[PDB]
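Student: This block holds the first chain(s) of the complex, placed as they are in the complex; more will follow:
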Amino acid sequence: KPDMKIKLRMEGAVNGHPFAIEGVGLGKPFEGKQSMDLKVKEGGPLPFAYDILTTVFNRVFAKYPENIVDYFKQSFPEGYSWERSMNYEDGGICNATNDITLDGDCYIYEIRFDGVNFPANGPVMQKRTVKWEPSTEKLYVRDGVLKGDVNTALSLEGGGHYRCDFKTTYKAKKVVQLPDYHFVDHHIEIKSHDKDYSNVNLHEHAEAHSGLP
Amino acid sequence: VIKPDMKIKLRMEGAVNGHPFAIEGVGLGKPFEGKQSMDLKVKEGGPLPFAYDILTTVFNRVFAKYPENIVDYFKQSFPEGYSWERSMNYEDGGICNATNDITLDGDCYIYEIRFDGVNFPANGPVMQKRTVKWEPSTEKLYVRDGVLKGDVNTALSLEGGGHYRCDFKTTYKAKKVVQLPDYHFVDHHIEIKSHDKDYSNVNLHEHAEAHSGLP
């Protein structure tokens, strides 16, 4: 619908230490904007940069142009799931999955998050990340499902960037029309948070396009 | 504190391509000879829809024969124990993250294991169970930032011939400060010795020895 709700729970671990986060939000799928409030329920205070989780906290929240097949809006009411590997340039790897279903007007997420091999003096365990930069994801079809890759980066305290290579697989639960090669522009931002990030208000803006011209 | 005849008790909770499962095991082995064996049972999520082989190297470098001219990081870490973290990067994009918290209760090592695999193509040898076994391997172990790292590029043999490659990145963290070793190697040979039709029961063996390369 023009205005949808979000309900979510994430369970996971970072370098073996487990935690849990729940969230509630709302957004406009046809405008490509969304926002949510996240609450840490287990494993607080989190000893890692919150930023590594933010892109796991839904490509249905992306404004798709008419000449571009929309894989995500097609997959409802049944929904879809996605898998992702997030490979940071210092060897830290985060694996995340999301099972997305629809109940009335509210999307429901079942998220699992697992990070390993973050060095203790790195920007993630030391919390020296500022935010994610805007990015452009590339989407193409492979083995009857939709892939999404993007080489992005996090800005660091005092300048410089921390790169991360995203590899996402999107699987609609039911068979939908497959799209051509296209792009999605992203901008995710933490707009407010408390000292230990037990409460986080997170926003994303996403728009699909087909590149130049 | 470390005795020629130790026991293994383990539980793994995890998921592959989003589908969860759980496996328990009971084992035994000889740390000073570098040999071990266990019986594993699927307790949740069976029958497993992926090749069992991707899990076996998660199911303890204390079971490796270390010569005396090589500092033994793992046997030093007991009785307090150690933990390890690992990424396993398959050449077709399948990636498995696993963690193991290892403690010691009397004569039995106890594992708390987490396993999470993503992005395995449905047409690949992991989801279609076309792996035969792990080949023998030689791991590279070195120190970085006060902890021990171990990297190895190995492979799985496939049923119509050929090999399916995997890059290992392990971080070993002793629970308290031990002597750190110099650059060395561990030779591995892990084998499934018997199993069920669906791999609900698996008998797993490993043989390991540390060395220093040529000569």
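Tutor: Looks like it came in fine. Numbers count the residues shown, from 1 in each chain, chains lettered A, B, ... in the order given.

Student: check contacts around residue A:118.
Tutor: Residue A:118 is in contact with A:14-15, A:48, A:88, A:90, A:92, A:124-125, counting by C-beta atoms under 8 Å, 6 or more residues apart in numbering or on different chains. Quick note: C-beta positions are derived from backbone N, CA and C, even for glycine.

Student: That one and residue B:70: what is the separation?
Tutor: 28 Å (C-beta to C-beta, to the nearest Å).

Student: can you give me the strands for chain A?
Tutor: A:4-14, A:17-28, A:33-42, A:80-88, A:93-103, A:106-116, A:129-132, A:135-142, A:145-156, A:161-172, A:182-193, A:199-209 (DSSP state E).

Student: Residue numbers of chain A in contact with chain B?
Tutor: A:13, A:15-16, A:81, A:83-85, A:87, A:91, A:93-97, A:99, A:112, A:114-117, A:119-121, A:142-143, A:167, A:169 (C-beta under 8 Å from any C-beta of the partner chain).

Student: Got a PyMOL select line for the buried ones in the residues you listed?
Tutor: What follows is the PyMOL syntax selecting those of those that are buried according to 16 or more other C-beta atoms under 10 Å in any protein chain shown:
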select buried, chain A and resi 13+15+16+81+83+84+85+87+91+93+94+95+96+97+99+112+114+115+116+117+119+167+169
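
Student: Nearest to the spatial middle of chain A, which residue is it?
Tutor: In chain A, the C-alpha nearest the mean C-alpha coordinate belongs to residue A:55, at 2.5 Å (C-alpha atoms, centre = their mean).

Student: sequence below should go in as chain C:
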Amino acid sequence: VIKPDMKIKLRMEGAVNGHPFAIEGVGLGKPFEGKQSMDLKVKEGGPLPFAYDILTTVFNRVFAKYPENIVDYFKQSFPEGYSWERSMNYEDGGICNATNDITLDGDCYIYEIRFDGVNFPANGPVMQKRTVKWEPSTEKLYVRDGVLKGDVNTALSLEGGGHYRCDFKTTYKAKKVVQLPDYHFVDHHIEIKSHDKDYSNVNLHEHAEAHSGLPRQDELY
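Tutor: If we add chain C to the chains shown above, we get the following:
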């Protein structure tokens, strides 16, 4: 130093899976429009046994339209010029490293290019010539240790459908000190417009435009 119309002169020497070749080209473009076109000729090692597409992005981010609010690293570097390094990483392990030394003579840029590709499998799309073209792309550019870096993972479309991925890592080096830009993007669309049977003659075009991501940028006045 930068004129609305510029010329291009280049020579590329290199090898793929150990077999050497050489290519010369002449071109023209408009740096402030971010467009260029050239004519390329194989001079050595023909006919080439690999897909020509792996060479095209080696054949000048000075040919990229920069908005007025984004610092332009490349147009600043002339008349002295700049150099760049890059090593493409294709998903089946075939890897190409490339270098370009770019200088200026009057109104003509001059390239000295080296291209070296290794480990292309015989049954892969490069050695079997099953690539159609490069898809449009969006490059990510950021600063590291006083020089400009460029990352983008893009793809080639394949003859029977589907895509063949490649990871780009470029380093750009101005020869003299210039102003460094913030993290930004460059959109690309490179196209082979015409070629003969064995790709002896190739007409190649590129369109490149810089932006700042987010909400793409005319407001009634």
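
Student: now that chain C has been added, could you go back to the contacts of residue A:118?
Tutor: A:14-15, A:48, A:88, A:90, A:92, A:124-125.

Student: can you rerun that using 6 Å?
Tutor: A:15, A:92, A:124-125 (C-beta atoms under 6 Å, 6 or more residues apart in numbering or on different chains).

Student: And these, which is closest to chain C?
Tutor: residue A:92 (17.4 Å; C-beta to the nearest C-beta).

Student: I figured the closest one hits residue A:117, correct?
Tutor: Yes: contact status for residue A:92 versus residue A:117: in contact at 5.3 Å, counting by C-beta atoms under 6 Å.

Student: just to revisit the earlier point, out of the contacts of residue A:118, which is most surrounded?
Tutor: residue A:92 (26 neighbours; other C-beta atoms under 10 Å in any protein chain shown).

Student: quick one, what contacts that residue?
Tutor: The contact partners of residue A:92, by C-beta under 6 Å, 6+ apart, come to A:117-118.

Student: how many neighbours does residue A:163 have?
Tutor: By other C-beta under 10 Å, 19 other residues sit near residue A:163.

Student: does it have beta-bridge partners, and which?
Tutor: Residue A:163 has these beta-bridge partners by DSSP bridges: residue A:153.

Student: you'd agree it is up against residue A:153?
Tutor: Yes: here residue A:163 reaches residue A:153: they are 4.6 Å apart, a contact under C-beta under 6 Å.

Student: Enumerate every residue touching the closest residue to residue A:91 other than its chain neighbours.
Tutor: Closest residue in space to residue A:91, ignoring its immediate chain neighbours: residue A:117 at 5.0 Å, by C-beta to C-beta, 6 or more residues apart in numbering or on different chains. Residues in contact with residue A:117 (C-beta under 6 Å, 6+ apart) are A:91-93, B:85, B:87, B:169, B:171.

Student: onto the same structure, chain D please:
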Amino acid sequence: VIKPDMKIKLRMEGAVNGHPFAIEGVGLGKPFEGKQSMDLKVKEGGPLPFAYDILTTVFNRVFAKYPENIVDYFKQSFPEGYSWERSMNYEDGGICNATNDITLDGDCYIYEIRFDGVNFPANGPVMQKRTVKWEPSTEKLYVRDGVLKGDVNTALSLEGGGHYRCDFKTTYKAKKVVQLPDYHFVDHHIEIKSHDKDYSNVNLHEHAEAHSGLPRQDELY
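Tutor: Below, chain D sits with the chains from the block before:
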């Protein structure tokens, strides 16, 4: 075709971060004992501004001791010889691509080598010459598409301690049809034994043995 004492003659042309150089070498070794040594001389581009260590493993798996139960792909390929392709992926993004055409003239192997490295950061151990030596390694060899592959993640020890990692991917191509081996390993130990101040003269050694993993192989009679 293979005699217990063979000689080596080589020339390498290449560049690192765009700056070209050339090195010639003369050597000797015992293929059946897996040992070799050579003396290398910089002929162009000296003094080299990068750590010499990145070139040493490019300066022939015929010099590897094979047990009788493991098929020898390399000693089989002569007198025709073989060629190999290789990418070396360092953990900070430095990438070196190398090719070698190995031929045989009498009792002397002849190498034609190309070496091309890009994106080595200026503050890294290669451009600062902070490497000490390659650690010994164990390469893993397997067959793919009828040719021989070699993978090994290895490392260089660094001046102030610690290690600098590199990912090797080699493709070996015999010039004639030979019998293909099963999955096996080769243990390596390459050493610079002497060099002059700026590495214009370098004496280089390698020791190599193939095996089949543990249990490492008289049985007391």
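
Student: Go back to the contacts of residue A:118, now with chain D?
Tutor: So residue A:118 contacts A:15, A:92, A:124-125 (C-beta under 6 Å, 6+ apart).

Student: what do you get for residue A:10?
Tutor: A:21, A:111, A:113.

Student: Residue A:105 now?
Tutor: Contacts of residue A:105 (C-beta under 6 Å, 6+ apart): A:1, A:4-5.

Student: neighbour-wise, which of the residues you listed leads?
Tutor: If you rank the contacts of residue A:105 by neighbour count (other C-beta under 10 Å), residue A:4 sits at the top with 21 neighbours.

Student: What residues does that one make contact with?
Tutor: Going by C-beta under 6 Å, 6+ apart, the list of residues near residue A:4 reads residue A:105.

Student: pretty sure residue A:181 is touching residue A:140, no?
Tutor: Yes: using C-beta under 6 Å, residue A:181 makes contact with residue A:140 at a distance of 4.8 Å.

Student: Tell me the spatial nearest neighbour of residue A:24, not counting adjacent residues.
Tutor: residue A:37 (5.7 Å).

Student: should've said residue A:198
Tutor: residue A:40 (4.7 Å).

Student: cool, and residue A:201?
Tutor: residue A:192 (4.4 Å).

Student: now the one you found: how far from chain D?
Tutor: Per C-beta to the nearest C-beta, to the nearest Å, residue A:192 is found 36 Å from chain D.

Student: looking at it, that residue is touching residue A:202, isn't it?
Tutor: No: using C-beta under 6 Å, residue A:192 is not in contact with residue A:202; the gap is 9.2 Å.

Student: When those two are compared, which one has more neighbours?
Tutor: Counted by other C-beta under 10 Å, residue A:192 and residue A:202 do not tie: residue A:202 has more neighbours, with 22 against 10.
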